[PDB]
Amino acid sequence: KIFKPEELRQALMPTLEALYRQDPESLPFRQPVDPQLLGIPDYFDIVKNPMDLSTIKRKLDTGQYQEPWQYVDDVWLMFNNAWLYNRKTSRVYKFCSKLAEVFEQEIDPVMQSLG
Ligand SMILES: C[C@@H]1CC(=O)Nc2cccc(-c3ccc4c(c3)c(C3CC3)nn4C)c2N1
Ligand SMILES: [Ca+2]
């Protein structure tokens, strides 16, 4: 199948919106990580490919995905970065886990529909 960018945006954006909507848990994930501002200067050493909700939104808005699994992969890159960088006690780690719970419910029917 050839997926048009407007079709991917229309189908997938609600699943991203579900993550944005989560408070407090989306807060760490709404903007790209700025290691200087956050006082975590080793972040890019450990996290080779940073990813966040706003970057994913921008990719949908600008037609950067050819396939819907590329979108799923970026969401999971964001999750895996957070579980990699943070210890299990951190808010960021626990908030990530909550987003993954929400996402799994949202994404399932949408991916089935897209095929
Ligand atoms: C995802 C990003 C990078 C990472 O993996 N660890 C990390 C460490 C310190 C603060 C943060 C961090 C970044 C932005 C935040 C926050 C934490 C938070 C606090 C509510 C949890 N609010 N916002 C706007 C952080 N999160
Ligand atoms: Ca809530």
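Values below: every heavy atom of this structure, side chains too, minus hydrogens, waters and symmetry copies. For ligands, and for the atoms within them, numbers begin at 1 and follow the listed sequence. Residue indices begin at 1 and follow the sequence shown.
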S.K.: Is a side-chain donor-acceptor pair under 3.5 Å present for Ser26 with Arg30?
M.R.: yes
S.K.: Enumerate the atoms of ligand 1 whose separation from the nearest heavy atom of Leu27 is less than 4.0 angstrom.
M.R.: 22 (N), 23 (N), 24 (C)
S.K.: Which ligand 1 atoms are under 4.0 Å away from a heavy-atom of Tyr43?
M.R.: 3 (C), 4 (C), 5 (O)
S.K.: Side chain of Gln31, backbone of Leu27: donor and acceptor closer than 3.5 Å?
M.R.: yes
S.K.: What is the closest protein heavy atom to atom 5 (O) of ligand 1, and at what distance does it sit?
M.R.: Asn86 ND2, 2.9 Å
S.K.: Give me the residue, atom name and distance of the protein heavy atom closest to atom 14 (C) of ligand 1.
M.R.: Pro28 CA, 3.7 Å
S.K.: Does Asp23 bring an N, O or S atom to under 3.0 Å of the Ca ion (ligand 2)?
M.R.: yes
S.K.: For ligand 1, does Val47 get within less than 4.0 Å through its side chain, its backbone, both, or neither, judged by non-hydrogen atoms?
M.R.: neither
S.K.: Does a side-chain N-to-carboxylate-O contact under 4.0 Å join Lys59 and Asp74?
M.R.: yes
S.K.: Hey, are the side chains of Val33 and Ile40 touching, using non-hydrogen atoms and a 4.5 Å cut-off?
M.R.: yes
S.K.: Output the list of atoms in ligand 1 that are nearer than 4.0 Å to some heavy atom of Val33, sorted by atom number.
M.R.: 1 (C), 2 (C), 3 (C)
S.K.: What protein heavy atom is closest to atom 19 (C) of ligand 1, reported as residue, atom name and distance in Å?
M.R.: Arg91 NH1, 3.8 Å
S.K.: Take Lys98 and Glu101 through the test salt bridge (charged side-chain N to carboxylate O under 4.0 Å, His left out) and record every step on the way to the result.
M.R.: CA-CA 5 Å; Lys98 164 71 172 176; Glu101 181 191 88; 3.6 Å; yes
S.K.: Can you name the atoms of ligand 1, numbered from 1 with element, that are less than 4.0 Å from a heavy atom of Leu38?
M.R.: 13 (C)
S.K.: Is any side-chain heavy atom of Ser97 closer than 4.5 Å to a side-chain heavy atom of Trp83?
M.R.: yes
S.K.: When you measure from atom 9 (C) of ligand 1 to the protein, is at least one non-hydrogen atom found at a distance under 4.0 Å?
M.R.: no
S.K.: In terms of the angle between their ring planes, are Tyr65 and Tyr71 parallel, tilted or perpendicular, with boundaries placed at 30° and 60°?
M.R.: perpendicular
S.K.: Return the closest protein heavy atom for atom 25 (C) of ligand 1 as residue, atom name and distance.
M.R.: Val92 CG2, 3.6 Å
S.K.: Under 3.5 Å, is there a donor on one side chain and an acceptor on the other for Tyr85 and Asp42?
M.R.: yes
